[PDB]
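# Summary of structural features
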Amino acid sequence: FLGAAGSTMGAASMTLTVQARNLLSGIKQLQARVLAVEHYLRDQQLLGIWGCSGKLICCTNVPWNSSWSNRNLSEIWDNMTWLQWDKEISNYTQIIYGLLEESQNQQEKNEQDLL
Amino acid sequence: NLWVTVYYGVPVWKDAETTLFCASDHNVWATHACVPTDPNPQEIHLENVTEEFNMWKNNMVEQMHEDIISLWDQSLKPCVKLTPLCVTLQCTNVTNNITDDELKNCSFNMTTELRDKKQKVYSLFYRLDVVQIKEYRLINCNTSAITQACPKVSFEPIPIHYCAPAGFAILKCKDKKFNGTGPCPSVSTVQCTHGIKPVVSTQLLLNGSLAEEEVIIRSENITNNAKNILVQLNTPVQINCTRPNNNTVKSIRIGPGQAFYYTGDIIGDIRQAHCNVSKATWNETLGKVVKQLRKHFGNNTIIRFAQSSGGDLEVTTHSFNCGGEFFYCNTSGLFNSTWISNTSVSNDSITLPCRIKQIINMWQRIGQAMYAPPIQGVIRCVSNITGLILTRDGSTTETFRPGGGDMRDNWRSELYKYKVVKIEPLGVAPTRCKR
Amino acid sequence: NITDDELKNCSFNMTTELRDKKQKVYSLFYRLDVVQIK
Ligand SMILES: *[C@@H]1O[C@H](CO)[C@@H](O[C@@H]2O[C@H](CO)[C@@H](O[C@@H]3O[C@H](CO[C@H]4O[C@H](CO)[C@@H](O)[C@H](O)[C@@H]4O)[C@@H](O)[C@H](O[C@H]4O[C@H](CO)[C@@H](O)[C@H](O)[C@@H]4O[C@H]4O[C@H](CO)[C@@H](O)[C@H](O)[C@@H]4O)[C@@H]3O)[C@H](O)[C@H]2NC(C)=O)[C@H](O)[C@H]1NC(C)=O
Ligand SMILES: *[C@@H]1O[C@H](CO)[C@@H](O[C@@H]2O[C@H](CO)[C@@H](O[C@@H]3O[C@H](CO)[C@@H](O)[C@H](O[C@H]4O[C@H](CO)[C@@H](O)[C@H](O)[C@@H]4O)[C@@H]3O)[C@H](O)[C@H]2NC(C)=O)[C@H](O)[C@H]1NC(C)=O
Ligand SMILES: *[C@@H]1O[C@H](CO)[C@@H](O[C@@H]2O[C@H](CO)[C@@H](O[C@@H]3O[C@H](CO)[C@@H](O)[C@H](O[C@H]4O[C@H](CO)[C@@H](O)[C@H](O)[C@@H]4O)[C@@H]3O)[C@H](O)[C@H]2NC(C)=O)[C@H](O)[C@H]1NC(C)=O
Ligand SMILES: *[C@@H]1O[C@H](CO)[C@@H](O[C@@H]2O[C@H](CO)[C@@H](O[C@@H]3O[C@H](CO)[C@@H](O)[C@H](O)[C@@H]3O)[C@H](O)[C@H]2NC(C)=O)[C@H](O)[C@H]1NC(C)=O
Ligand SMILES: *[C@@H]1O[C@H](CO)[C@@H](O[C@@H]2O[C@H](CO)[C@@H](O)[C@H](O)[C@H]2NC(C)=O)[C@H](O)[C@H]1NC(C)=O
Ligand SMILES: *[C@@H]1O[C@H](CO)[C@@H](O[C@@H]2O[C@H](CO)[C@@H](O)[C@H](O)[C@H]2NC(C)=O)[C@H](O)[C@H]1NC(C)=O
Ligand SMILES: *[C@@H]1O[C@H](CO)[C@@H](O[C@@H]2O[C@H](CO)[C@@H](O)[C@H](O)[C@H]2NC(C)=O)[C@H](O)[C@H]1NC(C)=O
Ligand SMILES: *[C@@H]1O[C@H](CO)[C@@H](O[C@@H]2O[C@H](CO)[C@@H](O)[C@H](O)[C@H]2NC(C)=O)[C@H](O)[C@H]1NC(C)=O
Ligand SMILES: *[C@@H]1O[C@H](CO)[C@@H](O[C@@H]2O[C@H](CO)[C@@H](O)[C@H](O)[C@H]2NC(C)=O)[C@H](O)[C@H]1NC(C)=O
Ligand SMILES: *[C@@H]1O[C@H](CO)[C@@H](O)[C@H](O)[C@H]1NC(C)=O
Ligand SMILES: *[C@@H]1O[C@H](CO)[C@@H](O)[C@H](O)[C@H]1NC(C)=O
Ligand SMILES: *[C@@H]1O[C@H](CO)[C@@H](O)[C@H](O)[C@H]1NC(C)=O
Ligand SMILES: *[C@@H]1O[C@H](CO)[C@@H](O)[C@H](O)[C@H]1NC(C)=O
Ligand SMILES: *[C@@H]1O[C@H](CO)[C@@H](O)[C@H](O)[C@H]1NC(C)=O
Ligand SMILES: *[C@@H]1O[C@H](CO)[C@@H](O)[C@H](O)[C@H]1NC(C)=O
Ligand SMILES: *[C@@H]1O[C@H](CO)[C@@H](O)[C@H](O)[C@H]1NC(C)=O
């Protein structure tokens, strides 16, 4: 299942294909397979709203605002690993979640309907 | 000129309040109602993950305490209720034509299969399961309901593997020498844990895991006295125990298809139940402990030991299961030693006096009363020594006593190596794409 | 002791904690929770 989450950065995104196929595969044990299936749903609920519909390591067109800890985004991209940088951007998640639905998904969704 | 992207990254490592299920493997009380156990060779070792545990604050201990009490009560359901016997029992001492001097030969009335017909029989009981009112009441008819256990199940610890739910992960550090908590660098993940045995006792764990190199004292606040100080043992100690009474077990039917067992008679060598401990093995243990308590209290401290204070013998002495019998054994010859000043502090076997009870109250849940069916033959069970409980009581001199009473501390003693993480696979890392 | 005139002082038998021993006590009840068959 999991592996190499510890010491790498970005090269962990090379192996983001085993991380899903093993994922999701009385009454007290039946809380499992409900919240377990509510997860993989409620993110893919909003993942279709992100624009990236399936699994593609993909880019949107919303800007990264540089107010959100602008620290050497070519340099920290490769050396300084995840679980460190995640705490740095742990504060700004909800605000991006408003920008996932307004930039591409209020304007650009109603611009292909012009034709 | 940065343009944020969306990922399915690995770092999900948050707290996991969660449920959990088992992977255990006859209709013995575990009932094999988990899953068939996979060979799970998947301790996937990870590289350099600084993660700190908290063995004192997790829900794995809290669920484990909730599971077994519910599970063991589930085995108690289809058995015979058997409360017509709470009547005016009258007894005497066991007669021996003459001698001097733990048994009571009891005159006794009871119903039969038919509703009206009575039954004047006799049986035997111990000391601590009967009370004076000569009329002798049972020990629990203040407020209880006596319940026989079914004589087919076993009270043996059959080990339980645990597995994570589909979407979480079980984490364990293979690292060494925690002080209870610790930012353990090396770590591996599993979907399924190892087998842990359903044992239950106080003042001494048994049949447990072993240490790495030495004693690992475990607590929260050593400067607090009200803690329960855990002591991990390096090298296990053989404990032989017995109930050397050739005993005859007879059977009767109390009513409409409700069987009942009772101690009929013993063949004739009245003895006392006991346990041997190798003497020179035990002194070799305690030198390791004071070697570490110098490091946590001071170089000029006097380490004393004593027995338990009082309360019930469930709190006072060593609670102990053995082979379908529930012992209670006095352990005064194990903590009669004082180690002095932390500077220059065989072929023998000390033996402890052990008592026998039949009417138990498991986990202090008052009202539930389970009966012990006495069994035929003799009793022998051998166990390692793995875990100890000490209590700092309230000069540099210091006395310790064998504490205990919460069985949660027993399961926390053998589940400190684990933690569970929730999984939220979503990463938003900017690059220069824009399109 | 005497007067004119919703309560009933009731002679009453009952079991005890032990199975055989009986218990002759008394209690009180209202009107609408008891019926003539004294
Ligand atoms: C800590 O860990 C140790 C081991 O890791 C553990 O010790 C083991 O304890 C168990 C239970 O106390 C022991 O199991 C019992 O062993 C006896 C003796 O068996 C030996 O001898 C016979 C004949 O001499 C051989 O056939 C056998 O292979 C052994 O050599 C058995 O008699 C027991 O079996 C009976 O009881 C079971 C439960 O009641 C039944 O499931 C089983 O079918 C047998 O029942 C029959 O006999 C009963 C007699 O009364 C009768 O009532 C039944 O109706 C039926 O007729 C049982 O297997 C085991 O040997 C110990 N092992 C070691 C190495 O010591 C400790 O118990 C543990 N600590 C704690 C607290 O649990
Ligand atoms: C059934 O057997 C039990 C024990 O197997 C027995 O209970 C014991 O009875 C004896 C005698 O009544 C009690 O013995 C006392 O113990 C203390 C300390 O051990 C002694 O100091 C006592 O001696 C003083 O008291 C006597 C009373 O007359 C004096 O005669 C004597 O000179 C001393 O002043 C005394 O020996 C013992 O305490 C109990 N055991 C318990 C747990 O209570 C019981 O009596 C037997 N049944 C019957 C009907 O006899
Ligand atoms: C315990 O107390 C209760 C009440 O506290 C009592 O029950 C009552 O008894 C009286 C007398 O028997 C009943 O009174 C009757 O009521 C009607 C209307 O209220 C009257 O008209 C009746 O008078 C006629 O009947 C009498 C019968 O002899 C004649 O003597 C009289 O001249 C009239 O012809 C009569 O007073 C009353 O009905 C009951 N109450 C109920 C709810 O039934 C009870 O008697 C007491 N216990 C004992 C053992 O005395
Ligand atoms: C608890 O009981 C067990 C067995 O019930 C004891 O184990 C026994 O220990 C003795 C010596 O400690 C062993 O005897 C030796 O055996 C060797 C091997 O043949 C022999 O060469 C020696 O001369 C000596 O006789 C015995 O084999 C061993 N038995 C088993 C089954 O392990 C144990 O010592 C007891 N512990 C206590 C504290 O009483
Ligand atoms: C049940 O009844 C028995 C009657 O002997 C009580 O036993 C004794 O009670 C006193 C007062 O609590 C204690 O000091 C004794 O130690 C008790 N004797 C034993 C052998 O324990 C018992 O307390 C009663 N239980 C309840 C809940 O009322
Ligand atoms: C361990 O527990 C003890 C008492 O339970 C705590 O000791 C207190 O410490 C403060 C400040 O150091 C003192 O003002 C108090 O007087 C102490 N309590 C007593 C009863 O004297 C101690 O702080 C705890 N340790 C930790 C790490 O929390
Ligand atoms: C308890 O006392 C009774 C007294 O009746 C003993 O029962 C008698 O024992 C003798 C020989 O031991 C038999 O011959 C009688 O038939 C028995 N009486 C009945 C009614 O069965 C009994 O042995 C005593 N208990 C013990 C353990 O000795
Ligand atoms: C366990 O054994 C010890 C043996 O010493 C008993 O303790 C003694 O009890 C008497 C009276 O109860 C005291 O006068 C002694 O001072 C005690 N000695 C010690 C070392 O505590 C103890 O009562 C026994 N406990 C049980 C439950 O049997
Ligand atoms: C008590 O612990 C000791 C640890 O040394 C156990 O002894 C070894 O246990 C392993 C696995 O249980 C066996 O593979 C070895 O053969 C054992 N060695 C010896 C010399 O016995 C011992 O089994 C434990 N006690 C019980 C009852 O399981
Ligand atoms: C002694 O008691 C036993 C059983 O309690 C009995 O069989 C025997 O006859 C008795 N002997 C004497 C001399 O009283
Ligand atoms: C048991 O019942 C019989 C009659 O049914 C009675 O004579 C005897 O005294 C009773 N035993 C006790 C100990 O009360
Ligand atoms: C125990 O370990 C924690 C970190 O896990 C540390 O903060 C604390 O000081 C340690 N205490 C002792 C007595 O070593
Ligand atoms: C107990 O005594 C009976 C005889 O009453 C005998 O058959 C049996 O073998 C004895 N028990 C043992 C363990 O030897
Ligand atoms: C245990 O042995 C040491 C020396 O090996 C000795 O000094 C000590 O007194 C012994 N323990 C007791 C309780 O006597
Ligand atoms: C009246 O009744 C009360 C209680 O019913 C009793 O204590 C008292 O003695 C009685 N008085 C007379 C004069 O009968
Ligand atoms: C209650 O029981 C006693 C004897 O047990 C009896 O004499 C009395 O009449 C009973 N009371 C009633 C109201 O029947």
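Here the residues of each chain are numbered from 1 in the order the sequence is written, which can differ from the numbering of the entry; residues without coordinates are not included. For naming, the first written chain is A and the first written ligand is 1, with later ones following in the order written. A larger assembly contains the chains displayed, and the values given here are confined to that displayed part. Based on all heavy atoms of the structure, the side-chain values leave hydrogens and waters out of the count.

In the PDB header, cryo-EM is given as the technique by which the entry was determined, and 4.42 Å as its resolution.

### Observations concerning the overall build of chain C
In terms of helices and strands, chain C carries zero helices and two strands. Taken along the three principal axes of its C-alpha coordinates, chain C extends 40 × 25 × 15 Å. When accessible area is computed with a 1.4 Å probe and restricted to protein chains, residues below 20% of their type maximum are described as buried, those above 50% as exposed, and intermediate ones as partly exposed. Of all 38 residues assigned to chain C, the portion counted as buried reaches 5%. Methods summary: accessible areas were calculated by the Shrake-Rupley approach with a probe of 1.4 Å, and residue burial reflects only the protein chains presented. Of the roughly 4400 Å² that chain C leaves accessible, carbon and sulfur atoms contribute 55%. Helix and strand assignments follow DSSP, with helices taken as H or I runs no shorter than four residues and strands as E runs no shorter than two, numbered in order from the N terminus.

### Let's talk about the side chain of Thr60 of chain A
Looking at the element boundaries, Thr60 of chain A is found in strand β1 (residues 58–63). Contacts: residue pairs with any heavy atoms within 4.5 Å of one another. If we skip the residues at most four places from it in the chain, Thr60 of chain A touches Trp50 and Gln104 of chain A together with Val4, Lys434 and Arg435 of chain B.

### Side note on the site of ligand 1
All names here are of chain B. The local shell around ligand 1 consists of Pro157, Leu206, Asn207, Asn321, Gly323, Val382 and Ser383. Whenever a nitrogen or oxygen atom comes within 3.5 Å of another N or O atom, the pair is scored as a polar contact, on the condition that within protein one atom can donate a hydrogen and the other can accept it, and that pairs from neighbouring residues in sequence are kept only if both atoms are in side chains. Side-chain polar atom of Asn207 to an oxygen atom of ligand 1: 2.3 Å apart, as the coordinates give it. Within the side chain of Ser383, one N or O atom sits 3.1 Å away from a nitrogen atom of ligand 1. For ligand 1, the protein covers 29% of the area, taking 1300 Å² as the surface of the free molecule. Classes in brief: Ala, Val, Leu, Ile, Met, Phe, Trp, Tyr, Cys and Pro nonpolar; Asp, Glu, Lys and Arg charged; the others, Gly included, polar. A class-by-class count of the residues in the shell around ligand 1 yields three nonpolar, four polar and no charged. For this purpose, a residue is taken to be near a molecule or strand whenever a single non-hydrogen atom of the residue falls within 4 Å of it.

### Observations regarding the interface of chain B and chain C
Listed per partner, the contact involves nine residues of chain B and five residues of chain C. When the two sides are added together, the surface that chain B and chain C hide from each other amounts to roughly 600 Å², 55% of it contributed by carbon and sulfur. The buried area of a pairing is the accessible area, by a 1.4 Å probe, that goes missing from both parts when the two are put together, added over both. Its largest share of buried area at the contact with chain C, chain B owes to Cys86, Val87 and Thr88 of chain B, together 47% of the area lost on that side. The rule for a salt bridge is simple: a side-chain nitrogen of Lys or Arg has to be within 4 Å of a carboxyl oxygen of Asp or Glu. Where chain B packs against chain C, one counts zero salt bridges.

### As for the interface of chain B and chain A
Counting from both sides, the interface comprises 31 residues of chain B and, opposite them, 40 residues of chain A. Both sides of the chain B and chain A interface together cover about 3700 Å² of buried area, and 72% of this is carbon and sulfur. As a salt-bridge pair, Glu424 of chain B and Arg42 of chain A come within 3.0 Å of each other at their nearest N and O atoms. Joining chain B to chain A, the criterion identifies six residue pairs in polar contact. When residues of the side of chain B that touches chain A are traced back to their parent elements, those giving at least two are β1 (3–6) and β4 (44–46) of chain B.

### Details of the sheet that holds strand β25 (residues 338–339) of chain B
Residues and elements named next belong to chain B. In spatial order, the strands read β16-β17-β30-β31-β22-β25; together these six strands make up an open sheet with mixed pairing. Two strands in the sheet have a free side with no partner beyond their single neighbour: β16 (216–218) and β25. At least two DSSP bridges between two strands are required for those strands to pair. By the bridge criterion, four bridges tie strand β22 (residues 302–305) to strand β31 (residues 397–401) in an arrangement that is parallel. The partner of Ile302 across the bridge, within β31, is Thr397. Axis definition: a line fit to C-alpha positions, over the contact stretch in the case of helices; interaxial angles, taken between N-to-C directions, run 0 to 180 degrees. Across the face of the sheet, helix α2 (residues 279–297) comes into contact with β16, β22, β25, β30 (387–392) and β31 while running at roughly 60° to β16.

### Some remarks on unusual backbone geometry
Residues apart from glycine generally show negative phi values, whereas peptide bonds are mostly found in trans. All names here are of chain B. One non-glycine residue, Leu82, lies in the positive phi region at around 60°. Among the secondary structure elements, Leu82 is positioned in the loop between α1 (59–75) and β6 (90–93). Looking at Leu82, the relative accessible area reads 3%, which means it is buried. Its identity as a non-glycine residue notwithstanding, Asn347 has a phi of 55°, on the positive side. Considering the arrangement of structural elements, one finds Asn347 in the loop between β25 and β26 (349–356).

### Re the pattern of salt bridges
Tallied over the entire structure, the rule returns 17 salt bridges over all chains. Between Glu88 of chain A and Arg71 of chain A there is a salt bridge; the shortest N-O distance is 3.0 Å. Of the two residues, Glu88 of chain A is situated in helix α4 (residues 85–88) and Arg71 of chain A in the loop between β1 and α4; the sequence distance between them amounts to 17 residues. The class of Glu88 of chain A is partly exposed, set by a relative accessible area of 31%. Within the structure, one salt-bridge network assembled from shared partners comprises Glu38 and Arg42 of chain A together with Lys422 and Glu424 of chain B.

### Overview of the environment of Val153 of chain B
Residues and elements named next belong to chain B. Relative to the helices and strands, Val153 is located in the loop between β11 (145–148) and β12 (162–163). Residue class for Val153 comes out partly exposed when judged on its relative accessible area of 28%. The sequence separation of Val153 and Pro236 amounts to 83 residues, and the corresponding C-alpha distance is 29 Å. With sequence-adjacent residues up to four places away left out, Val153 is seen in contact with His26, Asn27 and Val28.

### Overview of the nonpolar core
In these notes, a set of buried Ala, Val, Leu, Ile, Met, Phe, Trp, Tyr and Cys residues joined through side-chain atoms within 4.5 Å is what counts as a nonpolar core. In this structure, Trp50, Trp64 and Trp82 of chain A are the most contacted members of the largest nonpolar core, which totals 42 residues. Among the elements of the structure, α3 (42–50) and β1 of chain A together with β1 and β13 (169–172) of chain B are those that each provide at least two residues to this core. If we skip the residues at most four places from it in the chain, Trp64 of chain A touches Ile89 and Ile96 of chain A together with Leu2, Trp3, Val4, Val428 and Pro430 of chain B. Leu233, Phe327, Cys354 and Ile385 of chain B belong to the second-largest nonpolar core, a separate cluster that totals 36 residues.

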